[PDB]
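Enquirer: Shown below is the structure under consideration.
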Amino acid sequence: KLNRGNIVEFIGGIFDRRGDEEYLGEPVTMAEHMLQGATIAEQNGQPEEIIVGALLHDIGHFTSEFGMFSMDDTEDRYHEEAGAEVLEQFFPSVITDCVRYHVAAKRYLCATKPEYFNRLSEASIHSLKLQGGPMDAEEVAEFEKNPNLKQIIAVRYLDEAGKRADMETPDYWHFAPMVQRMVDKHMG
Ligand SMILES: [Fe+2]
Ligand SMILES: [Fe+3]
């Protein structure tokens, strides 16, 4: 049974057990990827919501970890969705949104920033094709109504930036107090 009192430890266990696995097509592990995002954010003075959003944005890849959430086949195929479904019970909606919309953010930036498409890694370019390509104009206008647009975009940049072959970072457990602060802001 998961609650405000053990969710941080649960997620930490996933980092401990699964974090050494490969972030597919990139020169980082799953943990390195998310920790780099969090650390780049922290080093640059980003707020804790963005740091933690970056830290957790790819936890939904590990779908066999979430049996207690009873997710359907659609909420499973898409890691951005599975991750948000896990987090929405414990975290501020800003953080949940950063995770849920991190693929849409890529599609949005491809549609709205002219030189953005060319600066992506081929793993991200390959995934874009299967994720529905750039947004159309309707999708862009819909996306810009999101009140958390700024944080969502910040987390996408941190996603793209967290693929360094070498970077010193703290481990999950050094960020865990911050994760708990976000949980406690929400669950009060
Ligand atoms: Fe992702
Ligand atoms: Fe990512």
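Identifiers in the structure tokens: chain A, B, ... in order shown; residue index from 1 per chain; ligand index from 1 in order shown.
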For chain A versus ligand 2, which residues have an atom no more than 9 Å away, and what is each residue's nearest atom pair and distance in Å rounded to one decimal, using only C-alpha atoms and all ligand atoms, chain-then-number order, as a Markdown table?

Expert:
| residue | atom | partner | partner_atom_place_in_ligand_line | distance |
| --- | --- | --- | --- | --- |
| A:23 | CA | ligand 2 | 1 (Fe) | 8.1 |
| A:30 | CA | ligand 2 | 1 (Fe) | 8.3 |
| A:33 | CA | ligand 2 | 1 (Fe) | 6.7 |
| A:34 | CA | ligand 2 | 1 (Fe) | 6.9 |
| A:37 | CA | ligand 2 | 1 (Fe) | 8.5 |
| A:54 | CA | ligand 2 | 1 (Fe) | 8.2 |
| A:57 | CA | ligand 2 | 1 (Fe) | 6.4 |
| A:58 | CA | ligand 2 | 1 (Fe) | 5.4 |
| A:102 | CA | ligand 2 | 1 (Fe) | 8.1 |
| A:103 | CA | ligand 2 | 1 (Fe) | 8.9 |
| A:156 | CA | ligand 2 | 1 (Fe) | 8.0 |
| A:158 | CA | ligand 2 | 1 (Fe) | 8.3 |
| A:159 | CA | ligand 2 | 1 (Fe) | 4.6 |
| A:160 | CA | ligand 2 | 1 (Fe) | 7.0 |
| A:162 | CA | ligand 2 | 1 (Fe) | 7.7 |
| A:163 | CA | ligand 2 | 1 (Fe) | 8.7 |

Enquirer: Apply DSSP to the backbone of this structure and, from segment 11-164 of chain A, keep only the residues in helix (DSSP H, G or I); write these as a ChimeraX atom specification.

Expert: /A:11-18,30-43,48-56,59-61,63-65,67-69,74-77,79-87,93-100,102-112,117-119,122-130,137-143,149-161

Enquirer: Could you work out how far atom CA of residue 97 of chain A lies from atom CA of residue 82 of chain A, giving the answer in Å with one decimal?

Expert: 12.1 Å

Enquirer: How many Å separate atom CA of residue 53 of chain A from atom CA of residue 155 of chain A?

Expert: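 Taking atom CA of residue 53 of chain A as the start and atom CA of residue 155 of chain A as the end point, the length is 6.5 Å.
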
Enquirer: Can you pull out every residue within 12 Å of residue 51 of chain A, counting only C-alpha atoms, but drop anything in the same chain fewer than 4 positions away, and send it as a PyMOL selection string?

Expert: chain A and resi 34-47+55-57+94-95+98-99+151-152+154-159+172+175-176+178-179+181-182

Enquirer: Using only C-alpha atoms, pick whichever of A:20, A:144, A:168, A:88 has the shortest atom-to-atom distance to residue 109 of chain A.

Expert: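 With only C-alpha atoms as the atom set, the closest residue is A:144.
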
Enquirer: Can you work out the spacing between atom CA of residue 79 of chain A and atom CA of residue 101 of chain A in Å, to one decimal?

Expert: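 These two atoms are separated by 10.6 Å.
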